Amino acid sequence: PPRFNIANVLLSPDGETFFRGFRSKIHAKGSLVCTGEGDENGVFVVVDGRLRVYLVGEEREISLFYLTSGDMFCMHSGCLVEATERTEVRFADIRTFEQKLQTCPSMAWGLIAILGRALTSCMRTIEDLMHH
């Protein structure tokens, strides 16, 4: 998918309200936003800071990609998410987020972009796990 700048949405009259009322949470460096389990469910967006999305297995970590400011992710991918800096997120449950999306579909490309990014990573990862 194309790149996506979240600001073309937030600066626009359709977008500016998108996160109104989303709760705010701060994540200490080193802290786990998500474990591959029952964190809960919900979507969040990185306000500032930086998070690492990775997998394990054989007790070994594979980095997939990083989530910096403006990036959207969820609590249910089954990936691990840990803060590498103190980072702030806005969050809401799946349902509120769905609502907002249908009222401002242009903001759906951000979701498209983050899946594209996480997809290309995994694929490149897979190529590399084979070249040995």
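Start at 1 with the first residue shown and count on from there.
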- [ ] Compare the mean C-alpha B-factor of 20-28 with that of 110-118 as given in the PDB entry, and name the stretch with the higher value.
- [x] 20-28
- [ ] Would you determine, from the values in the PDB entry, which of 72-80 and 30-38 has the greater average C-alpha temperature factor?
- [x] 30-38
TODO: Sorting the chain's modelled residues by C-alpha B-factor, tell me whether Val46 ends up in the lowest, middle or highest third.
DONE: lowest
Task: CA B-factor ranking of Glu61, expressed as a third of its chain - done: lowest
Open item on the list: Sorting by Cα B-factor within the chain, modelled residues only, which third would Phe91 end up in: lowest, middle or highest?
Closed with: highest
